[PDB]
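Single chain ahead, written as structure tokens, the form deposited in one PDB entry.
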């Protein structure tokens, strides 16, 4: 019994910045993208899906402060909503 399947799906990429733009890091507190991602993940992993958490991270960068960076969600082939269940 052999079935046919899509070559690639259920993927999602969350980039540090928009194309042709640079990311920004801080030697003391790490990157601004890595720091902001942990904050929202530790906060909204109990109610929001991953695709919505990434959208909330982009919302916190709507106001360009210092080195403006706009994370980008690319190559999305998720067929369902990825809900992390912390504690389960």
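The term rigid core refers to the maximal set of C-alpha atoms that superpose within 1.5 Å between the two forms. Residues that one form lacks are left out of the comparison. Residue numbers count along the first chain shown, from 1.
Keep in mind the form deposited in another entry is missing from the figure; the text below concerns it.
After superposition on the rigid core, the C-alpha displacement between this form and the one not shown reaches 2 Å or more for just one residue among 78, 13, 70, 22, namely 22. The distance between the CA atoms of residue 23 and residue 77 is at least 3 Å longer in the other entry than in the form shown here. CA of residue 21 to CA of residue 35: closer by 3 Å or more in the other entry than in the shown form. After superposition on the rigid core, the stretches of at least three consecutive residues with Cα shifts of 2 Å or more between this form and the one not shown are 17-29, 66-68.
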